[PDB]
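Enquirer: What follows is a structure written as structure tokens; I'll ask about it next.
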Amino acid sequence: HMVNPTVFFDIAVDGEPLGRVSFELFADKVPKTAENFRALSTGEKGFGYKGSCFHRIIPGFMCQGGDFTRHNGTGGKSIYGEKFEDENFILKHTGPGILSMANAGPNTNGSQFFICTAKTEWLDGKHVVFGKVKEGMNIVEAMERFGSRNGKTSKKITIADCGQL
Ligand SMILES: CC(C)[C@@H]1NC(=O)C(C)(C)/C=C/c2ccc3ccc(nc3c2)[C@@H](C)OC(=O)[C@@H]2CCCN(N2)C(=O)[C@H](C)NC1=O
């Protein structure tokens, strides 16, 4: 029987450790999308999230990260190539803690993702939901205090380490 994978991020604020966020990846519903995020979290293909930052944090909305090639929301790449398709839209943006793919149009998933800090139901059917925060929502809430209305962060919020549990 297959078990959904768990990954973790160790978060830092201007280099100072803050805490750990862990995620369940819904490989039972979106295996291709879950596998991309899993592999980028372990770095096992030779690239991935370690060291990257959350470039946009809007309190009461979401935290966005995963751009390890341009560091500002314009880049990133998947383990399948620069982009891959929307796998399905079975899962919805139901509340805080949902983990979903960022994109720039249909079938443009890369490595960027966001963590909801509110219900974002208007994104249902256009961003692929593929996981949820398991432990550490308190750490996501602490990250949120470094965001702003326009999303610029007041301190640099990084993934100091990440991997699979
Ligand atoms: C994946 C990456 C390559 C894409 N980048 C772009 O398309 C380019 C590079 C053109 C920048 C877009 C951009 C910039 C600032 C900004 C500022 C504020 C907003 N949206 C913003 C969107 C605000 C309304 O919505 C968000 O914050 C949403 C939330 C869900 C994740 N999410 N953001 C995306 O998936 C956006 C839609 N896509 C990208 O970030």
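Sequential numbering from 1, following the chain as shown.
Structure determined by X-ray crystallography, 1.5 Å.
For all residues, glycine too, the Cβ spot is worked out from N, Cα and C.
Look at Swiss-Prot and you will find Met2 tagged as N-acetylmethionine. Residues annotated as N-acetylvaline in Swiss-Prot: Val3. If you look up Swiss-Prot, you'll see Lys29, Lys45, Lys77, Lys83, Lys126, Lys132, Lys134 marked as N6-acetyllysine. Marked as SUMO2 cross-link by Swiss-Prot: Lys29, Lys83. The ubiquitin cross-link annotation in Swiss-Prot covers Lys29. Feature annotation from Swiss-Prot assigns phosphoserine to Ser78; the stated evidence is a large-scale study or a structure entry. Per Swiss-Prot, phosphothreonine is recorded for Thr94. Sequence annotations record features per position, and here Swiss-Prot assigns N-linked glycosylation site to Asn109 based on sequence analysis.
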Enquirer: Within the chain of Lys134 (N6-acetyllysine), which residues six or more apart in sequence place their C-beta under 8 angstroms from its C-beta?
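Expert: Those within reach of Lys134 (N6-acetyllysine), by Cβ under 8 Å and sequence separation of 6 or more, are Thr6, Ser22, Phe23, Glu24.
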Enquirer: Can you check which residues sit near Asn109 (N-linked glycosylation site), meaning Cβ under 8 Å from its Cβ, same chain, 6 or more apart in sequence, and list them in order?
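Expert: Non-local contacts for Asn109 (N-linked glycosylation site): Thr33, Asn36, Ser78, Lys83, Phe84, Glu85, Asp86, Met101, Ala102, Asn103, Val128.
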Enquirer: Near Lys45 (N6-acetyllysine), how many other Cβ atoms are within 10 Å of its Cβ?
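Expert: For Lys45 (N6-acetyllysine), the count of other Cβ atoms within 10 Å is 11.
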Enquirer: I need the least crowded one of these modified residues (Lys77, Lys126, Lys132), counting other C-beta atoms within 10 angstroms of each C-beta.
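Expert: Output over modified residues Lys77, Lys126, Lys132: least Cβ neighbours within 10 Å is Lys126.
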Enquirer: Nearest to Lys126 (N6-acetyllysine) by Cα, among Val3, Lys29, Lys45, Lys77, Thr94 (modified residues)?
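Expert: In terms of Cα distance, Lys126 (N6-acetyllysine) lies closest to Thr94.
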Enquirer: Go through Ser78, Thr94, the listed modified residues, and name the one with the sparsest Cβ surroundings, counting other Cβ atoms within 10 Å.
Expert: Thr94
